[PDB]
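Before any comments, here is the structure.
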Amino acid sequence: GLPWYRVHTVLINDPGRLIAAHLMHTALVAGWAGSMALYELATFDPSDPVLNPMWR
Amino acid sequence: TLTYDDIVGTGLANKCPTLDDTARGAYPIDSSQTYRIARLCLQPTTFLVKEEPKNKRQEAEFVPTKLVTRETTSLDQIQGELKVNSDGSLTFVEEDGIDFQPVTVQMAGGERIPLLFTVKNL
Ligand code: CLA
Ligand code: CLA
Ligand code: CLA
Ligand code: CLA
Ligand SMILES: CC1=C(/C=C/C(C)=C/C=C/C(C)=C/C=C/C=C(C)/C=C/C=C(C)/C=C/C2=C(C)CCCC2(C)C)C(C)(C)CCC1
Ligand SMILES: CC1=C(/C=C/C(C)=C/C=C/C(C)=C/C=C/C=C(C)/C=C/C=C(C)/C=C/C2=C(C)CCCC2(C)C)C(C)(C)CCC1
């Protein structure tokens, strides 16, 4: 069958499933952005923009 | 004249009485007469909390807060002697009343600041 490094080639001639895979990728990335923001808000100390700003 | 049923659940019970704009008169003090405050009412409208200094040791400011304990903040039905002093100054000596309220206010970012808002032994 297909080697492991070729599994996604099933999408080349399947525009609908390619759109699905792209939707899933987009869902993952947007889910990352959301999760990352939440984790940052759960750890961020807003009490000192002078000596403890976000980049520290 | 408003009754309990007129007031209940409106928020008015936590408000102090007001006087209209025409009340700009003068109340004479006879220094031979004894006086009392029969009712002192205090209705807080803003609670400010002094931010803890970052370490810069400049002037830490008093910042706004959000009340979270609802319309439960006013001091009222307070009474006491109003003494006339020899130099003609008046001294209020708080005796009794609903002279405290626990209050919780919340700073930006969530820190909750409980206080005993009070004039006990004023
Ligand atoms: C954007 C991500 C993405 C998307 C949209 C797809 C989509 C697709 N894959 Mg591919 N795949 C991916 C990533 C992805 N894959 C990764 C990272 C691997 C290595 C594990 C694979 C390996 C793979 C194989 C072997 C096969 C596919 C196949 C397919 C198709 C059918 C679905 C399937 O069987 O998935 C299977 C893939 C998975 C179930 C992904 C693994 C899940 C990982 C472990 C993360 C799970 C999240 C987890 C909850 C978080 C863990 C947190 C941790 C800190 C503990 C479809 C085109 C099939 C295909 O059609 O072959 C012709 C197929 O046989 N994929
Ligand atoms: C938009 C970017 C993009 C897209 C959509 C594709 C899509 C494709 N690639 Mg190409 N490729 C890319 C960029 C991309 N590639 C980059 C940047 C490189 C260099 C790193 C390559 C090098 C490359 C090679 C050498 C090959 C492909 C192949 C393929 C095809 C099969 C993929 C597969 O089934 O893997 C299945 C993959 C797995 C089952 C697991 C992979 C696990 C990886 C290595 C580690 C974990 C990755 C992690 C989950 C991703 C994090 C996201 C990242 C951006 C930070 C498919 C058409 C194959 C092909 O042409 O088939 C005919 C093939 O041989 N790609
Ligand atoms: C009306 C014309 C039109 C419009 C507005 C779009 C718009 C888009 N296309 Mg293209 N496309 C078109 C014509 C169009 N296309 C035609 C005629 C073809 C040949 C069939 C294609 C083939 C094509 C492929 C193969 C792919 C796209 C993809 C995309 C999306 C990429 C960006 C993205 O996902 O953002 C992020 C998304 C958002 C911020 C949300 C947007 C909200 C959507 C539009 C509302 C959904 C409801 C709507 C009624 C149903 C779908 C609308 C559809 C016209 C796109 C974007 C929504 C890619 C995709 O879907 O990636 C996931 C993709 O893989 N298109
Ligand atoms: C411009 C931005 C961008 C681009 C071009 C891509 C492109 C890609 N992404 Mg997405 N991704 C992005 C942003 C992006 N990503 C962001 C911001 C997030 C949230 C963190 C993700 C989360 C994400 C997940 C969870 C997955 C992808 C996957 C993919 C691949 C799908 C096509 C494929 O089959 O490749 C085949 C794979 C390759 C060609 C190998 C790519 C190798 C990368 C570039 C470096 C790998 C590093 C190292 C070897 C392994 C990681 C270290 C390990 C300790 C974790 C493709 C390379 C999917 C994929 O890799 O499926 C197999 C996948 O599962 N991405
Ligand atoms: C369904 C639904 C829902 C929900 C959702 C959700 C809840 C979500 C999510 C999500 C999510 C929550 C997500 C996420 C994600 C993530 C990710 C995607 C990640 C990733 C990662 C990575 C990729 C990594 C990597 C790496 C490492 C690990 C280390 C170092 C290096 C690197 C960086 C490479 C709602 C209700 C709205 C509605 C409708 C339905
Ligand atoms: C219709 C319907 C339904 C639905 C559902 C759904 C649609 C679901 C889903 C779902 C989902 C879709 C889910 C998910 C998920 C996810 C995940 C599992 C994730 C994760 C993640 C992570 C792990 C992350 C991490 C991180 C990051 C990335 C960054 C920052 C940091 C941290 C670490 C936090 C039901 C059945 C109920 C029934 C009825 C109806």
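We name chains A, B, ... following the order of the structure tokens; residues begin at 1 in each chain, and ligands are numbered from 1 as shown.
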Legend entry - Contacts with ligand 3 at most 6 Å, only C-alpha atoms and all ligand atoms counted, listed as a PyMOL selection string: chain A and resi 15+19+22-23+26
With N, CA, C and O atoms retained, write the just-selected residues as a compact mmCIF listing (two decimals), in the first residue's frame.
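Output contents, as saved in selection.txt:
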# COMPACT_ATOMS: atom_id res chain seq x y z
N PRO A 15 -11.24 16.94 -4.13
CA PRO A 15 -11.30 18.33 -3.66
C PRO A 15 -12.10 18.51 -2.38
O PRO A 15 -11.71 19.31 -1.54
N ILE A 19 -10.59 19.95 1.11
CA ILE A 19 -11.20 21.06 1.83
C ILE A 19 -11.44 20.64 3.30
O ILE A 19 -11.15 21.41 4.21
N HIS A 22 -8.11 20.70 5.09
CA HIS A 22 -7.77 22.11 5.29
C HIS A 22 -8.58 22.76 6.40
O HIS A 22 -8.05 23.57 7.17
N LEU A 23 -9.87 22.43 6.45
CA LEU A 23 -10.74 22.86 7.53
C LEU A 23 -10.23 22.35 8.88
O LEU A 23 -10.20 23.10 9.85
N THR A 26 -7.09 24.21 9.82
CA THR A 26 -7.51 25.54 10.26
C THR A 26 -8.12 25.50 11.67
O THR A 26 -7.86 26.39 12.48
Counting only C-alpha atoms, a student should be able to say which residues of chain B come within 10 Å of chain A; what is the right answer, written as a PDB file with N, CA and C atoms, in the first residue's frame?
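Written output follows (result11.pdb):
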ATOM      1  N   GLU B  51      -3.251  51.100  45.252  1.00  0.00           N
ATOM      2  CA  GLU B  51      -2.441  50.049  44.653  1.00  0.00           C
ATOM      3  C   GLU B  51      -1.165  49.861  45.482  1.00  0.00           C
ATOM      4  N   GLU B  52      -0.713  48.617  45.608  1.00  0.00           N
ATOM      5  CA  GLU B  52       0.525  48.342  46.332  1.00  0.00           C
ATOM      6  C   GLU B  52       1.708  48.735  45.442  1.00  0.00           C
ATOM      7  N   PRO B  53       2.612  49.594  45.955  1.00  0.00           N
ATOM      8  CA  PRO B  53       3.714  50.126  45.142  1.00  0.00           C
ATOM      9  C   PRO B  53       4.557  49.011  44.521  1.00  0.00           C
ATOM     10  N   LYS B  54       4.784  49.111  43.209  1.00  0.00           N
ATOM     11  CA  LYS B  54       5.538  48.102  42.446  1.00  0.00           C
ATOM     12  C   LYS B  54       6.919  47.876  43.068  1.00  0.00           C
ATOM     13  N   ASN B  55       7.556  48.987  43.445  1.00  0.00           N
ATOM     14  CA  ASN B  55       8.821  49.043  44.187  1.00  0.00           C
ATOM     15  C   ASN B  55       9.573  50.306  43.777  1.00  0.00           C
ATOM     16  N   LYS B  56       8.996  51.029  42.815  1.00  0.00           N
ATOM     17  CA  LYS B  56       9.500  52.327  42.370  1.00  0.00           C
ATOM     18  C   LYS B  56       9.515  53.327  43.527  1.00  0.00           C
ATOM     19  N   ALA B 108      -9.219  45.570  39.265  1.00  0.00           N
ATOM     20  CA  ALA B 108      -8.936  45.105  37.917  1.00  0.00           C
ATOM     21  C   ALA B 108      -8.017  43.895  38.037  1.00  0.00           C
ATOM     22  N   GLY B 109      -8.374  42.819  37.340  1.00  0.00           N
ATOM     23  CA  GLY B 109      -7.589  41.589  37.426  1.00  0.00           C
ATOM     24  C   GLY B 109      -8.104  40.572  38.437  1.00  0.00           C
TER      25      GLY B 109
END
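Residues of protein, DNA or RNA having any atom at most 8 Å from ligand 5, counting only C-alpha atoms and all ligand atoms, are residues 27, 28, 29, 30, 31, 32, 33, 34 and 35 of chain A.
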Selection to disk with N, CA and C atoms, as a short mmCIF file (atom, residue, chain, number, x, y, z; two decimals), in the first residue's frame:
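Listing of selection.cif after writing:
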data_model
loop_
_atom_site.label_atom_id
_atom_site.label_comp_id
_atom_site.auth_asym_id
_atom_site.auth_seq_id
_atom_site.Cartn_x
_atom_site.Cartn_y
_atom_site.Cartn_z
N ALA A 27 -8.91 24.46 11.95
CA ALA A 27 -9.51 24.27 13.27
C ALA A 27 -8.42 24.08 14.34
N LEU A 28 -7.40 23.29 14.01
CA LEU A 28 -6.29 23.04 14.92
C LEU A 28 -5.50 24.32 15.23
N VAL A 29 -5.23 25.10 14.19
CA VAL A 29 -4.44 26.33 14.34
C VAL A 29 -5.22 27.36 15.17
N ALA A 30 -6.51 27.51 14.88
CA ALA A 30 -7.35 28.47 15.60
C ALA A 30 -7.53 27.99 17.04
N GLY A 31 -7.67 26.67 17.21
CA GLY A 31 -7.69 26.06 18.55
C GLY A 31 -6.40 26.28 19.32
N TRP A 32 -5.26 26.20 18.63
CA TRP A 32 -3.98 26.55 19.25
C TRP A 32 -3.96 28.00 19.73
N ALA A 33 -4.38 28.92 18.86
CA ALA A 33 -4.37 30.34 19.20
C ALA A 33 -5.21 30.61 20.43
N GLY A 34 -6.40 30.00 20.48
CA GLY A 34 -7.28 30.12 21.63
C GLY A 34 -6.69 29.56 22.91
N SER A 35 -6.15 28.34 22.84
CA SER A 35 -5.54 27.67 23.99
C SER A 35 -4.33 28.43 24.49
#
Inset, instruction - Around ligand 2, at most 7 Å away and counting only C-alpha atoms and all ligand atoms, which residues are there? Put them as an MDAnalysis selection string, please. - result: chainID A and resid 4:9
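Minimum distance to ligand 1 across A:36, A:43, A:54, A:11 (counting only C-alpha atoms and all ligand atoms) occurs at A:11.
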Inset, instruction - Give me the residues within 6 Å of range 80-82 of chain B as a PyMOL selection string, counting only C-alpha atoms and dropping any in the same chain fewer than 5 places off. - result: chain B and resi 35-37+91-95
Inset, instruction - Using only C-alpha atoms, determine which residues lie at most 9 Å from residue 73 in chain B, disregarding the query and same-chain residues fewer than 2 positions distant; provide the list as a ChimeraX atom specification. - result: /B:14,42-44,69-71,75,100-103,117
Take the residues just selected and output them with N, CA, C and O atoms as a short mmCIF file (atom, residue, chain, number, x, y, z; two decimals), in the first residue's frame.
data_model
loop_
_atom_site.label_atom_id
_atom_site.label_comp_id
_atom_site.auth_asym_id
_atom_site.auth_seq_id
_atom_site.Cartn_x
_atom_site.Cartn_y
_atom_site.Cartn_z
N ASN B 14 -31.11 51.29 50.52
CA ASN B 14 -29.68 51.55 50.69
C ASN B 14 -29.26 53.00 50.37
O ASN B 14 -28.07 53.34 50.42
N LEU B 42 -24.85 57.38 55.88
CA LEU B 42 -23.75 57.47 54.93
C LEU B 42 -23.92 56.45 53.81
O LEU B 42 -23.91 55.24 54.06
N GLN B 43 -24.08 56.95 52.59
CA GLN B 43 -24.26 56.13 51.40
C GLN B 43 -23.00 56.24 50.53
O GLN B 43 -22.79 57.26 49.87
N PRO B 44 -22.15 55.20 50.55
CA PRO B 44 -20.96 55.19 49.69
C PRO B 44 -21.36 55.06 48.21
O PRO B 44 -22.32 54.35 47.89
N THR B 69 -20.72 42.99 46.51
CA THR B 69 -21.64 42.59 47.57
C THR B 69 -23.00 43.30 47.54
O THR B 69 -23.78 43.22 48.49
N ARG B 70 -23.27 43.98 46.42
CA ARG B 70 -24.60 44.53 46.13
C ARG B 70 -24.98 45.71 47.03
O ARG B 70 -24.11 46.31 47.65
N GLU B 71 -26.27 46.05 47.07
CA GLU B 71 -26.71 47.27 47.75
C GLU B 71 -26.82 47.09 49.26
O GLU B 71 -27.91 47.21 49.84
N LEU B 75 -24.30 53.05 55.84
CA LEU B 75 -24.39 53.16 57.29
C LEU B 75 -25.58 54.06 57.56
O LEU B 75 -25.79 55.06 56.86
N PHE B 100 -21.57 50.10 60.60
CA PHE B 100 -20.57 49.30 59.88
C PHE B 100 -21.28 48.48 58.82
O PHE B 100 -22.48 48.17 58.96
N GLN B 101 -20.55 48.14 57.76
CA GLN B 101 -20.99 47.18 56.76
C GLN B 101 -19.76 46.47 56.23
O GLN B 101 -18.80 47.14 55.83
N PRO B 102 -19.78 45.12 56.24
CA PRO B 102 -18.74 44.44 55.47
C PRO B 102 -18.99 44.72 53.99
O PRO B 102 -20.14 44.69 53.53
N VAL B 103 -17.92 45.02 53.27
CA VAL B 103 -18.01 45.34 51.85
C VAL B 103 -16.87 44.63 51.13
O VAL B 103 -15.72 44.67 51.58
N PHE B 117 -16.41 48.68 56.26
CA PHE B 117 -16.71 50.10 56.06
C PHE B 117 -17.47 50.59 57.30
O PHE B 117 -18.53 50.06 57.62
#
Legend entry - Between CA of residue 39 in chain B and CA of residue 88 in chain B, distance in Å (one decimal): 22.2 Å
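The list of residues with at least one atom within 9 Å of residue 77 in chain B, based on only C-alpha atoms and without residues fewer than 2 positions apart in the same chain, reads residues 38, 39, 40, 41, 75, 79, 96, 97, 98 and 99 of chain B.
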Please, could you write that set of residues out with N, CA, C and O atoms as a PDB file, in the first residue's frame?
ATOM      1  N   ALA B  38     -30.030  62.790  65.448  1.00  0.00           N
ATOM      2  CA  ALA B  38     -31.031  61.739  65.647  1.00  0.00           C
ATOM      3  C   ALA B  38     -30.883  60.645  64.594  1.00  0.00           C
ATOM      4  O   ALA B  38     -31.293  59.503  64.811  1.00  0.00           O
ATOM      5  N   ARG B  39     -30.339  61.020  63.436  1.00  0.00           N
ATOM      6  CA  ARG B  39     -30.095  60.072  62.350  1.00  0.00           C
ATOM      7  C   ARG B  39     -28.955  60.579  61.477  1.00  0.00           C
ATOM      8  O   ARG B  39     -29.046  61.661  60.879  1.00  0.00           O
ATOM      9  N   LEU B  40     -27.873  59.806  61.446  1.00  0.00           N
ATOM     10  CA  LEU B  40     -26.799  60.006  60.486  1.00  0.00           C
ATOM     11  C   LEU B  40     -26.793  58.836  59.498  1.00  0.00           C
ATOM     12  O   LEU B  40     -26.809  57.669  59.900  1.00  0.00           O
ATOM     13  N   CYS B  41     -26.775  59.164  58.212  1.00  0.00           N
ATOM     14  CA  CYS B  41     -26.768  58.178  57.146  1.00  0.00           C
ATOM     15  C   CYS B  41     -25.574  58.443  56.231  1.00  0.00           C
ATOM     16  O   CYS B  41     -25.298  59.597  55.868  1.00  0.00           O
ATOM     17  N   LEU B  75     -24.297  53.048  55.843  1.00  0.00           N
ATOM     18  CA  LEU B  75     -24.394  53.159  57.285  1.00  0.00           C
ATOM     19  C   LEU B  75     -25.577  54.065  57.565  1.00  0.00           C
ATOM     20  O   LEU B  75     -25.786  55.063  56.863  1.00  0.00           O
ATOM     21  N   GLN B  79     -26.876  57.532  65.676  1.00  0.00           N
ATOM     22  CA  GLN B  79     -27.242  58.634  66.549  1.00  0.00           C
ATOM     23  C   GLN B  79     -26.120  58.952  67.530  1.00  0.00           C
ATOM     24  O   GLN B  79     -25.254  58.115  67.819  1.00  0.00           O
ATOM     25  N   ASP B  96     -24.403  55.071  68.740  1.00  0.00           N
ATOM     26  CA  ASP B  96     -24.986  53.810  68.320  1.00  0.00           C
ATOM     27  C   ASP B  96     -25.553  53.875  66.908  1.00  0.00           C
ATOM     28  O   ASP B  96     -25.664  54.955  66.317  1.00  0.00           O
ATOM     29  N   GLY B  97     -25.912  52.706  66.388  1.00  0.00           N
ATOM     30  CA  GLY B  97     -26.602  52.590  65.119  1.00  0.00           C
ATOM     31  C   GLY B  97     -26.010  51.501  64.245  1.00  0.00           C
ATOM     32  O   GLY B  97     -25.133  50.755  64.671  1.00  0.00           O
ATOM     33  N   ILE B  98     -26.513  51.416  63.019  1.00  0.00           N
ATOM     34  CA  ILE B  98     -25.964  50.526  62.011  1.00  0.00           C
ATOM     35  C   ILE B  98     -24.740  51.230  61.425  1.00  0.00           C
ATOM     36  O   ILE B  98     -24.809  51.883  60.374  1.00  0.00           O
ATOM     37  N   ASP B  99     -23.626  51.084  62.136  1.00  0.00           N
ATOM     38  CA  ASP B  99     -22.460  51.924  61.944  1.00  0.00           C
ATOM     39  C   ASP B  99     -21.277  51.213  61.259  1.00  0.00           C
ATOM     40  O   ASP B  99     -20.143  51.686  61.301  1.00  0.00           O
TER      41      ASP B  99
END
